[PDB]
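J.: Before I ask anything, here's the sequence and the deposited coordinates:
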Amino acid sequence: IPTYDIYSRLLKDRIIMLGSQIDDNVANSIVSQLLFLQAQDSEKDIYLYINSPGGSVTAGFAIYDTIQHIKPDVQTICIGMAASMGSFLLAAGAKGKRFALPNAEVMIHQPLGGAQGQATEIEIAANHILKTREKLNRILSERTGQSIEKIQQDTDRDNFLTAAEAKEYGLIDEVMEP
Amino acid sequence: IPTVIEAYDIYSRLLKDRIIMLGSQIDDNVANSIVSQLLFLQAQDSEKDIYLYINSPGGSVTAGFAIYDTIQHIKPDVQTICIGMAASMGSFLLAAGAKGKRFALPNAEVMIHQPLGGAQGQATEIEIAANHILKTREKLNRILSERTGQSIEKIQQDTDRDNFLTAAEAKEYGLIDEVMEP
Amino acid sequence: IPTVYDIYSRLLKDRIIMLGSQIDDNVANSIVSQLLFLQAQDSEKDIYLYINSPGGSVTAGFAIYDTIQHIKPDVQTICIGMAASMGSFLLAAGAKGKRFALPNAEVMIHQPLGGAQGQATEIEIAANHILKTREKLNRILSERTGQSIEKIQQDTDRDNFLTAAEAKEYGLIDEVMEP
Amino acid sequence: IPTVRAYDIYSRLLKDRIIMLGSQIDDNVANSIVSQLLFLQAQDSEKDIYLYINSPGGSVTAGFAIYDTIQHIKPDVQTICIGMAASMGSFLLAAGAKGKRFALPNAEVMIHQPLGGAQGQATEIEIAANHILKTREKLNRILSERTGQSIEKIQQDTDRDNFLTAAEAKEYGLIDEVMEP
Amino acid sequence: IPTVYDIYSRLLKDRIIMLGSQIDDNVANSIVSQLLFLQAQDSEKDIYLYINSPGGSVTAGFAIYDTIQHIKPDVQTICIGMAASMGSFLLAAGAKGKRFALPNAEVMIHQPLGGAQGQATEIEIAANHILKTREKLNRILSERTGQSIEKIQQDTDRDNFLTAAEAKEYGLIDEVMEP
Amino acid sequence: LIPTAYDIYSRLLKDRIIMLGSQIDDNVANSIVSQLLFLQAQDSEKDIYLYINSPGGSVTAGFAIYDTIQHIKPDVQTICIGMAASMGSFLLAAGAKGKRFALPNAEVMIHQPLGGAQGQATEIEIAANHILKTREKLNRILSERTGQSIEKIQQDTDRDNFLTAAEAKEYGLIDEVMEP
Amino acid sequence: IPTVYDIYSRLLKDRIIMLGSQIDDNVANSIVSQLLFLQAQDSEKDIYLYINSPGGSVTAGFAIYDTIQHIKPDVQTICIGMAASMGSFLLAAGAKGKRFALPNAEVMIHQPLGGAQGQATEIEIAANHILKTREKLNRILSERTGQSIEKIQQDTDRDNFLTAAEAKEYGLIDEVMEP
Amino acid sequence: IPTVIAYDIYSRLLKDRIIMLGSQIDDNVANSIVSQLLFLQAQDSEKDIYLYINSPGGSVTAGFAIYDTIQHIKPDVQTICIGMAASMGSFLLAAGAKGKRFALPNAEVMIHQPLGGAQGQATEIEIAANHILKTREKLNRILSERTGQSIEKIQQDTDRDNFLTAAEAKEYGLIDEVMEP
Amino acid sequence: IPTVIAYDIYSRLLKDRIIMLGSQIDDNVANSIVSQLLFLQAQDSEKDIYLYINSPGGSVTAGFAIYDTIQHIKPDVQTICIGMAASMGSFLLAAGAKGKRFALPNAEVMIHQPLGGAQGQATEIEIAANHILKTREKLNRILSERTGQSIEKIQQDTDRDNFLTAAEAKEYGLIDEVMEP
Amino acid sequence: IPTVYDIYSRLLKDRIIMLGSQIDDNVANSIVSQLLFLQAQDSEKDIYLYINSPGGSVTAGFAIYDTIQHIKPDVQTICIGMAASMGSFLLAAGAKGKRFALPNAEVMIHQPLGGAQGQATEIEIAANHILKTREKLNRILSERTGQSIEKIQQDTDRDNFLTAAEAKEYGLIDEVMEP
Amino acid sequence: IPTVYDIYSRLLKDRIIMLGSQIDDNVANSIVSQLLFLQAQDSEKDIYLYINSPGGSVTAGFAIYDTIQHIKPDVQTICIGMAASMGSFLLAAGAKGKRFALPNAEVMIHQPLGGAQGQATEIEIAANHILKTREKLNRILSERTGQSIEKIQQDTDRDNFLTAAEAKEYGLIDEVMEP
């Protein structure tokens, strides 16, 4: 990472690069970048590049809620792949400012997790992850215009979409052309 | 494991006298052996009692139900005798012996608790697993209710956490019929 | 972690502390030092503590908790992502009226976890100590939420997940911070 | 394990109603010892049985499977300590028929409180602590009955590892006689 | 570890030292050097030692202990979170009248731990050494707490957890620091 | 199993010969005790022969063998081949008086007991007192069986002390070097 | 390790060298370089070597030992916590009259440790070498304490723990440093 | 390991007074070999015994248990090297009855000094060194007696690994004859 | 490994003077093969023995224990390669009685120079190098005698892995006949 | 593995050999010995070789194959479950007209697998060898199925799964054994 | 490693290079670079190479050796602690009359170590190469000590430990550096 690295130079121009799995460390850093950019200028757009296989749903919601909280628009730009929570964040960008490059891929599926121990503990974990899926699907419905029933069906298995398909689905607004 | 010459290992020698020893965790291999022994004893004599000693921390619920159903399926009464400890599916099998012929020795310990499991993967896979283990707990509790005389609701409450019982407490609960005194 | 100052050090300049990890003695040492430094800079201005944490060490969390209550500035707490176990205890520890969660943040409360090994009398000592620790946590959660101790005991017996709105109803936070 | 029809040496001794407890006690060992006790009773409910004990102890519940079977069966079970009887091993030594509990002169006996573990939620640690304390009370009460010592004395004497010579074990009431050459 | 100086170096500028880890030779070397440095800068002004520690090496602790007693400034000790074993020994070693704990901080005292392996005579040497080390710890604790050596022996036979208020009654601290 | 299943050791046991050729642990001690009891049951008057090639091992396991030897009626000859070290040399010295042997190039080693202790100071104290008492017990018996003073045994066992067969006879650990 | 310079660098400005670890080649390299640097800055002013060390490599220790005797400044030695094995050898190596221990610091002396593997003639070479090294260590210790080599041999056969007062009586240090 | 009707192949050969050493020498192997030698003398104290040796060597004390038993018993023990006899294996080859030590033509013999290890305090390393040096003196003295070579030549010739052909072992005096087809 | 009534299958073949070498060659395998050869000679010193070989080779010294025993005993030993005979395996294949060395048509033969290792001081590496070089000369000389190929040719043909069909092994002189159906 | 013999031994009495595992030298040695024994018992009666095998060593497979072709009795081959790689080669090697599969048995053919490591010239030798081995396998498969060598080469470039009916149609077996 | 520059950089300013580790390609690269830099700064003034090293790679040692001989400044060598194997070779390589050891430093000489695995011919190549390397080392050692090659061969057959005074008498150094 070349140098005050290349990411800090892009941050000076209100660009945040997500290029990894989403965990609490990544979310803490991105949230802090978003807050800092709003403090610098509450009006100018922010640009969030997303190449991510997804990761923690709660870490992803830290980023998601910060995006919706701050005053500047956050443009989202998918490069390479936005899968799982990554495609949720892609769809979370400012309306009209969600993009994917022509060969970028988008994948949606249901959340993953685990449960171990007593029957009642497994029941609690199952209820929690099912409620988490409902929350994701409700928001994806609002952000895409698709019905919750259709999102439920379309995420039962791994669902790969081209950029053109992601646009038609309502996950992005435009395929960014050269 | 000593040998007895009339050449039997000690467990085979006791099987000759219609005694089956359960002294390990319950898995499919152990259940396969126990079931085969029960079927063999029935084939030998369908009237004489069988004696099942139980010192077991429990284990696989489905393997325990292979044993449970075989006990109920065969014609001879299967006396159960707890020595040391009968916990989880082990206490379930202890309570499954022929009515009036379920025993524990005075310092044997009985422990009841809800079944354990796990689930990994997609939310809908976790839901299927949760629904399955919950249905399995209902099945266990319903049978325990029948065999002890306790209501299902009391069993649910009394198995939420590990519940250790003395032999005397096990008799009062209905899990055994008598403490076998010296 | 980009440079502007690394990003966290830049936010600290504006009296913002980020808790975004498991709570251990190292994290608590750092958070406590930041709180003391900010009080030294200005004893009157608010401090903002963002919390995204699965929890962790009870004693480390109480190092942070007691420092929050000790210092003069109000400490606002803001849950983003998840505040679980000791993290949710710290969320509820913010200045009354200044405890927040964002709309999709999750809150989870549950009894403390631990272990005990050795002689019977050593297991007894360890059990008494963790039981006392839970009573201590529940007493404070009762005063900070308005709920009875009996209700907190019962509601923490197993993992209990709360939405942001449920956390407000419960008294763990004061407001869901809307966009 | 040499052979002596063919017997291993332990099977040969079992023909003379001798059982050798020469290892840590777990469920596998207890299962074998119990089966040997039941077999010998089935062969002859009158004749004494001889239980040699060289054991560091082990599982308390497995030890009680052995303990209760000894008390259940009709024959007297003599106990003979060689080398070491520690923890649950010393509990079983004291469990022999009264008047027929022995140690050889240099055998070592050790008594101490039970050991265990617990992990997880506070309430789970509470349940495990209550269970091991009740197990200790059960062990101390029986040891009081078999030794003549008060439960309060047994409690104080098992708080830490307590090593006894054979002659001290006799004075304590854990055995009846030191078998002198 | 945020930057302002890193946060700990910034606190050191105000004569605050943070012990927030297990005690070992490296930690003691750092703490001793900070104490000698602070005395060199000003031999009259108080030093503040925050303690959140599970304890650790007895000899490393005594490097710290003897340096506190050696230097001219008073060293205040402030327990946050937990001071256990050699950590609670150092808490009680602060200047008399200037030993503190925050209300929910926990203090634990117990006898030293160690090991030995090899020949009978090697084990005997190691046993005699740790027993003498325990006598030394107990004698000093007795002096610093006002409790008899026999009571300290009894009270440290097993893990002994104390609240901050109990630590004050015991004589391990002078006051519970209230908000 | 080595050659015939009825192995070579079982064939030697028919002739009242017990072959110790390993470290001494509870399994080995239980086997040897059982063999000794068996041989006494077969004939309480005929000698037993115990060959010893052992680096030593568990002190309590060794005392199970030692006390059984003293308990039974038959004389137990001891014959050192290769090495009898630590508790192996203790058992070598415990054979019937006048019937303790070593072959000419066999080696004997004596030293103090080994052990460990971990935990609280008072737990280490208990463990140290126990191993010190075990050493006094070993030295007292070795004094009785060799004729050497307890103080000399203490000195001579402070460190590993290797002895030739002839030196072990001079020391009193054996009665005769068995020459061809 | 806080910044002021790191804390050790800051103490080095005042001619203080902190030994707070095992002695190996890397540690010896650093301490020798610090000694040479301090001589080059001022050949007259005393140097201060603090020692909390469990010992370590004999040859690395002699790199430090010989450099102390080589340079012109006096090197005071101050034991804090523990000086064991080669650590106690270095403590005894300070300028005569300027060897100190703090009151609860401990000192341990014993013979060197090592290993040998391979052919009989290789084990013989290794045995002769460690025996000659012990003779070298005991001879120098005899000169530095005033004790006979026979007494030092007897007193290092096994681990031999000494209090600070005992180390003064032994001649390993000159004074116990009281507060 | 095949069976001959029931003997395993080695037990079948032992019936004909043949003992096969085909492994490293440790206490277990020595226990077996010593027991076989004692057994064969008990059957017949006059007829020769045949010890085939293919061994890389191993424990010196285990080798001396075998060595001393060979010299103790009345029957002659012929030794026959096949494959390799190295270190303590070549010591045992040379220990066979005079005139009855053999190697097949392509068997190898290797002699060298004993190997060992030592850890701990200087005085413990000294004790370990003195013991292995004394052991080497014992081995060389006996090899001198059995080969006819001086002790000083044995010392020189075993300082490093020294490989000999069958014919060279005969000229050296380690064996009496190369057994030709 | 199935049983025939009671023989395991290998023991049943041994009854018919058939030895199966079906694994890597080490001291344990050579100990068993040698014992079987000696046993069969004792049963009948005139009747042929049949040694099947499916082996990747292995220890050169273990292989020479088998080799020399084959040449020492009176019966002819026929050798029959099935599957593969590589390295010391192909050396033993060529060691069969002249005219009675066979391979089945799809069996594979591979010859190559010996493998080993050396570690330590320069003079120790030199000793190990000299020894493995002398071993290679020994192997090459015997292979020259048994195949009719010059030593120079065997040297160059074994510098690297050299794979031979059964037909090529016959032309090379490693076997006498390809055993056709 | 039950008794009555073990179950495989009881079937061998009836001239049935079960191959139900990977083909390695141990398996091949046993199967070759079983074939030779059965020929010695009766040189005229058929032998039955059941095959459920994922393949294995090519040379081990050829020990079996050559022994099948060498002995006088016919060897029927019967595929149950799966015959893959060297397993399908042995299936095709049965006596002509006496090679079978059960209706849901699967057959798989592909090219041999191997590895090579070292100098360029060593890699070249290993490549030439495995390429020659494939030519041998294909030539025999061509003879035993009636397919051209070119077709066999094409059809084994990748894993090629075949139903029992496709295997019969291919020439690898003669009949699908129907219930 | 304290700051002043780390301590080694501070000494390099005064033309001092410290070797205090095993010799590998990484250490040799750094030392060679320092030697070349120092010559470029000043081709006339002496360079001082301190050596405490157990040795290591022969080729890496020759990288240093040849660079010492190549550059114009005299390189003094000073053994502290131990110089063994290639370390003692480099000690003996210093400028004539400027090779030193401190009084208790030890010097060890022995033959090179290595290994070889694979075909007979590969083992032969490796043996020939290490024997040649030993001849190369012994030839240069003979030139630099004045001892004959045959004596060096004898004296390096096994590990040979020398005191500083013995190393001077041998010709490996010129002077024992006294205080």
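T.: All right, it came through fine. Numbers count the residues shown, from 1 in each chain, chains lettered A, B, ... in the order given.
J.: contacting residues around residue A:153?
T.: Residue A:153 sits next to no residue when contact means C-beta atoms under 8 Å, 6 or more residues apart in numbering or on different chains. Heads up, the C-betas are built off the backbone N, CA and C, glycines and all.
J.: any idea how far residue A:105 is from it?
T.: Separation of residue A:153 from residue A:105 (C-beta to C-beta, to the nearest Å): 20 Å.
J.: For chain A, which segments are assigned as helices?
T.: A:6-12, A:24-40, A:57-69, A:85-91, A:119-144, A:148-154, A:163-169 (DSSP state H).
J.: Out of the ones you listed, which one sits most buried?
T.: helix A:85-91 (a mean of 26; mean count of other C-beta atoms under 10 Å in any protein chain shown).
J.: how many other residues sit next to the residue in chain A that chain F sits nearest to?
T.: Residue nearest to chain F within chain A: residue A:117 (31.8 Å; C-beta to the nearest C-beta). Residue A:117 sits with 14 neighbouring residues when counted by other C-beta atoms under 10 Å in any protein chain shown.
J.: what pairs with it across the strands?
T.: With DSSP bridges as the criterion, residue A:117 is bridged to residue B:117.
J.: which residues touch it?
T.: Going by C-beta under 8 Å, 6+ apart, residue A:117 touches B:116-118.
J.: Among these, which one lies nearest to chain K?
T.: Nearest to chain K among those, with distances taken as C-beta to the nearest C-beta, is residue B:118, at 47.0 Å.
J.: so how far is chain G from the closest one?
T.: From residue B:118 across to chain G, the span is 44 Å (C-beta to the nearest C-beta, to the nearest Å).
J.: show me what contacts residue A:132?
T.: Residue A:132 touches A:57, A:111, B:123, counting by C-beta under 8 Å, 6+ apart.
J.: So the first one sits against residue A:139, correct?
T.: Meaning residue A:57. No. Checked against C-beta atoms under 8 Å, the pair residue A:57 and residue A:139 is beyond contact range at 11.4 Å.
J.: Run through the residues that contact the residue nearest in space to the middle of chain A.
T.: Centroid-nearest residue in chain A, with C-alpha atoms, centre = their mean: residue A:89, separated by 1.4 Å. The neighbourhood of residue A:89, defined by C-beta under 8 Å, 6+ apart, consists of A:18, A:22, A:48, A:50, A:52, A:60, A:63-64, A:67, A:76, A:82.
J.: now do residue A:120
T.: Neighbouring residues of residue A:120 by C-beta under 8 Å, 6+ apart: B:114, B:160, C:158.
J.: Residue A:112 now?
T.: Going by C-beta under 8 Å, 6+ apart, residue A:112 touches A:84, B:121-123.
J.: which of those residues sit farthest apart?
T.: The largest separation in these, counting by C-beta to C-beta, is between A:84 and B:121 at 13.6 Å.
J.: in stretch A:45-60, what's buried?
T.: A:46-60 (16 or more other C-beta atoms under 10 Å in any protein chain shown).
J.: now that stretch, how far from the chain's geometric center?
T.: Mean-position distance between stretch A:45-60 and its chain equals 4 Å (C-alpha atoms, centre = their mean, to the nearest Å).
J.: Compute the first-to-last residue distance for it.
T.: 21 Å (C-alpha to C-alpha, to the nearest Å).
J.: again, but for stretch A:12-25
T.: End residues of stretch A:12-25 are separated by 21 Å (C-alpha to C-alpha).
J.: For it, buried residues please.
T.: Result for stretch A:12-25 [16+ other C-beta under 10 Å]: buried residues A:14-18, A:21-22, A:24.
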